[PDB]
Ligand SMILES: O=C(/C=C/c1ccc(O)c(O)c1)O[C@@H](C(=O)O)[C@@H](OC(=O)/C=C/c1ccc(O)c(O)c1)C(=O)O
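This document starts with one chain, in the form solved without the ligand, laid out as C-alpha cells.
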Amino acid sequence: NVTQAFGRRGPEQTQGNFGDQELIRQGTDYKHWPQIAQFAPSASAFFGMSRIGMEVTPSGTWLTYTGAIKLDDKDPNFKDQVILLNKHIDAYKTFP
C-alpha cells in the first residue's frame, strides 16, 4: 500500500501526488506498474540530471531534488505511456 509507505496523496510539496486508488491499494502488484517504473531514474541519472539542494529545518536535514525526464515521442507506446502517467498524476483530487 502506497499510503502506508509514502503517506497520503495530496497537494503539498511534502506530499506525493502520484497514484489512483488502484495503484495505491495494489502498489507494485498493479498491472501496469512495470510500464511506470521504467521511467524512474537510475542512481547515476538521479544525481546527474536532477537539480539537488540541502535544507536544515526543525524537522531535520533534507536532500531536496527536482528534475525533468524527457519522454520519447518516438516510442511506439508513447500515447499509452502518457495516458497511464496522467491517470495517476493528481488522481487524489477525484477521490471520495
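Numbers follow the displayed sequence, beginning with 1.
One more form of this protein, solved in complex with the ligand, exists but is not displayed; see below.
Transferred by C-alpha superposition from where it sits in the bound PDB entry, the ligand keeps all its atoms beyond 2.4 Å of the backbone and C-beta atoms, leaving the site open. In the bound PDB entry, the ligand sits within 4.5 Å of a heavy atom belonging to residue 9. Residue 17 falls outside the set of residues with a heavy atom inside 4.5 Å of the ligand in the bound PDB entry. Looking at 82-96, the residues that come within 4.5 Å of the ligand in the bound PDB entry, counting any heavy atom, are 95, 96.
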